[PDB]
Each structure stands twice: as C-alpha cells, then as structure tokens.
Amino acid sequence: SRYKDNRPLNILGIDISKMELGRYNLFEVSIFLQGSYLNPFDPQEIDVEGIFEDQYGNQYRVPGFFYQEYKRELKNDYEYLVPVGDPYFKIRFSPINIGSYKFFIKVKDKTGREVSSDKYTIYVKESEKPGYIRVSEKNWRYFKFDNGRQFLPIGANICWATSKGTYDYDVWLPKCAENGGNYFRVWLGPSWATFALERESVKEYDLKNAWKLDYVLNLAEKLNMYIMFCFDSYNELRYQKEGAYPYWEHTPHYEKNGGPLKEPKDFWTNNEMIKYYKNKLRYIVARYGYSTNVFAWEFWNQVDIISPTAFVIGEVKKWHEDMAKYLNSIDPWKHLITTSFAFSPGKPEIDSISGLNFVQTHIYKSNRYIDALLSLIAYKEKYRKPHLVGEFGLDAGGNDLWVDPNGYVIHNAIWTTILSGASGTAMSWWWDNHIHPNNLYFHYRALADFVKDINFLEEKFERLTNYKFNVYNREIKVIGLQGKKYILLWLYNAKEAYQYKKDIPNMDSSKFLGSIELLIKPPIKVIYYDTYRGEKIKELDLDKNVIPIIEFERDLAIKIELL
C-alpha cells in the first residue's frame, strides 16, 4: 500500500484546466486531497466523483482517478520517466452538448465521511470534432461518428513500443496519419506491455505506463487517429508448458506473484479477481473514457487460447456479458465494446452477445488468404453488426518481413477486406519490424484516397455478384461492392497476386486485357485506379454493362458510377 493515507478527509485544492472549451474536448480537473485509504485505485477505499449537468438536465457521473505527473527523457535507447510533484487525483470530462454545464466534486473515503466542492460553471462552444464512434444505424456493417459521418478504420496494429516507449509512437503515428491512417490498437496487458496497467499487481495500477498511454492518446488526438484499447491478452492465462508466448507464471494474477488466483481457470469466477477487474475498468473509464479518440474497449486478445485448463465457454460468455454490462453502466460516453479470438471463425456463443457491439477476425494464413478473408466476411454478416479484421498476416512464423518486403500481402488484404464489406481494412501485425522499416505506409494512402469520398453508410453496398469475365490470356478474379450509385472493384491476377519477389509495379499499361460484365443499367462512368501509386489512370464513359479491363501487373481498382 505505497500510496496509503491516514488523515481526516478534506479537499485541499482544485485546479481547473479551462473555463471555456469546445464540444467533445477534454475538460480536466485536478484535485488535491487528504483522507483515509489504503489503495487509491479502489473505490471502496476512496471514491472521487465529478457530477456534471448540462443545461437540459442531463447528468454525467464521472469517476476520478489517481495520477502521477512525469517528465520523460531518452537515456540512449530507453525511455525514462522522472516523477514531478506528489501524486493527486483527476477528473477528465468531455461535453457532448454545447452551452453551460454545472459541476461539483464529491469524495468519500473508507470511513464513510463525504466531502464536496462548491458548484462550478463552465461554457462549451461548438467545435470541429465529429464525436464518439458508434455503430451506424444506416448500415450495420459500418461505424459512424456521433455527427453522422462515417468512420472507416484504416491503419494497423501498433500494440507496443520498444524500450524507447512513447518515443516510438512519435515516429510511427505521424507516418501513419499522413498516409491515410486513422486507426491503431494498443495493449494494456500482459505486464510487459508498454501500457500495462497491471504491471506488478492486480490491485494497484502502474502510473508510469498510464502516463505513457495518456501521451499516446494525446498524440492520437492531435493526428485524428482512433484507438482500440486491448485490456488483457491470452498470455496472462497461458501456462509456460503450453507455449505461444505464455505468461501465467509471471502474471500478477497468479497467487505466486501476489494475486488471488491459484490457476487461470479461476479468473472467470473468483470473487476477488472480479472485484479488482471492475476496479480496473473504472480506472480505465476514469482516465481515458472522456476521449473521442478511444474507438473501442476490447476485453481480450484471443481469449480462446488461454490455457485449455482455463477456457470454459459458458463461464467466459457470462463474464463477457457481465463485464460489458458493468463497463457500459459506468462509462458516461458508452464507447463500443468488443473481444477477440485466435480461431478465425470466432466463438458464436460470445460474438452474439448484445453487449459486444462488433465482432472481429484474426487470421494468419499463407495460401489463398484472399478467399479466406472473403469467406469469413460473408460468414460473419450473420451477426448484423460491424466486423473488424483486427489481425492479419501470413502464417510464416513472423517471417513476413523477409518473404514480402514490399508489403504485397498487406496490400492484398486491405483491398480485399474494404471491398468485401468489412468495416475497414485488415489490420496488419509487424508495425515495428516490417511496416515502418520497409516504409509500407503508401499502400494505405492509395486505398484511403480511393474510398474516402464515398459515403459507405448510404450506398446500400452488397458484396458483388452476377458478374461474368471474358478474359483469355490470364486468370483475373474480382472482389467487389455493388451499391445504388457506385460499384467498386478490385481486380487481381491469380498467378501474380501471391508472388512477392518482383519490384513494385511501375505501370505503363495501354493494352486491352479482357472485360467484365456486371448487372447494371448504363450509362456509367468508369475510373481506373492505380492501387500502388494511388492515382486515377484513365476515365471512360460507357453505354453498355461491359467494362474493358486495361493491362495491369498484379491488381487494379475500378470505380463505376451509375449515371
């Protein structure tokens, strides 16, 4: 109990970040206090709350959180954080309406005594921010912002840094954002992760790693990027003898290391673990929930591959239902909630729970992965909620960077997924050893520039069907979407798309290859789009439903508009 206090409860100071701010922007209150509590991360010991009310009478109950300021530096090849001042408590709020808000601070400690502040008034003006990310009511395949504009996630996993810590995100994130990226995913466990909250304990959370997560979230805010926070990873509950980067023997949950659990199976039902997990969820909502740059709360990375001694489908299902309900109940902004599985088809008993707002796929497959992606996307339409291909790569023991230094595998997957009806791009692994050093960001820029000017929420897009190729020299295949105004096609050469040794196509391509007939009413306008340079190649007006295919090396995109 490093941070215990044993004084009579009193507020000693309140600092307010700003008295005027914009819609969806951060309003931060700092609270200095003394009190009686053993653990500032446990609301049964000390419960700080901010109670906000807009001019329409809507109320927001915002939990407060314990905070330590740090100043970062780089010591050669590792980040080092120097503490600045004593720790204290914070409230982080974000207004969804404009106008006036009234708020006050309340504190209760373990003695039952409660203290409170004076009522304060702040004023909120309109801003440019689009709001929080939600499921689209117009098309359940897709996400939207509160203002109604679509959110199509384009990006990659960026789940942890090297020892350089936040200094790596200073490099990766601007490159991603300047190349059309608006999405990444970070890990808050296991204990070795950059942002691990349960580093040494499951009862108290790591203030240094929480500060690093603040830093990265703030960088996302400046760059208009949106983050999935993955709370726990399967390694935590996987025994050494089971392989696959196991971590049970080292995890703070295990009794050997101070935690409540004798074996990982007990995670789902142990009363003490459940209590502390809810405290962690409260801490995460308190510290990060304000942010519209939090796209989603993800409970687990690949919960299906915890130890087989520990995976009890009915227990894991109930825990997800209960935790989703709890998290929603305490999150004033109701961020999206999800979970993930290593098994590519997922676990229907869990994926179908209403409390999980969207479903995911992880897939590492080397052969015919285009067809596998399409099949999984078609299959998961049964859930009638969005689908994110949250992890993707070859099944090559991590050798993607040697097999495919030009990123053709990523290229194929991002085009396939977007134009098959997934909510956004397939999300690559290997951000640090592949995407960045091989400078693969240009693939995302080309795709973003192709899709960004179409409102996917309103096109009534369906996976393409009723097509017929007429091509003699080659084997060309298509992944497509057909909507009420646009048809989007990705064509690929089946004999070239899965070979990765040749240099990036430098198109100079005038010849006719063949045609593809679609079930459309002319007249139409046809745009041919170079998927590597990210530019229009040619434009052609047509009076029939038969699209010439111009010459291309590997793959080519086509945008058709019903006129």
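Numbering starts at 1 and follows the sequence shown. We call the rigid core the largest set of C-alpha positions that still match within 1.5 Å between the two forms.
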| property | result |
| --- | --- |
| Greater Cα displacement in 5 other deposited structures of this protein once the core is superposed, comparing 393-401 with 222-230 | 393-401 |
| Which of 24-32 and 509-517 lies farther from this form in 5 other deposited structures of this protein, as RMS of C-alpha positions after a rigid core fit | 509-517 |
| Residue range whose averaged C-alpha B-factor is higher in the record, 116-124 or 85-93 | 116-124 |
| Residue range whose averaged C-alpha B-factor is higher in the record, 423-431 or 480-488 | 480-488 |
| Criterion, highest CA B-factor; candidates, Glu49, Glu535, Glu28, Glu69 | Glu535 |
| C-alpha B-factor winner, where the candidates are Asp304, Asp331, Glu462, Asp232 | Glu462 |
| Record-listed C-alpha B factor of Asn179: chain third | middle |
| Chain-wide C-alpha B factor ranking for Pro246, given as lowest, middle or highest third | middle |
| Assigned third (lowest, middle, highest) for the C-alpha B factor of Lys110 | highest |
| Relative C-alpha B-factor of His436, binned into the chain's lowest, middle or highest third | middle |
| Chain thirds of CA B-factor: placement of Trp402 | highest |
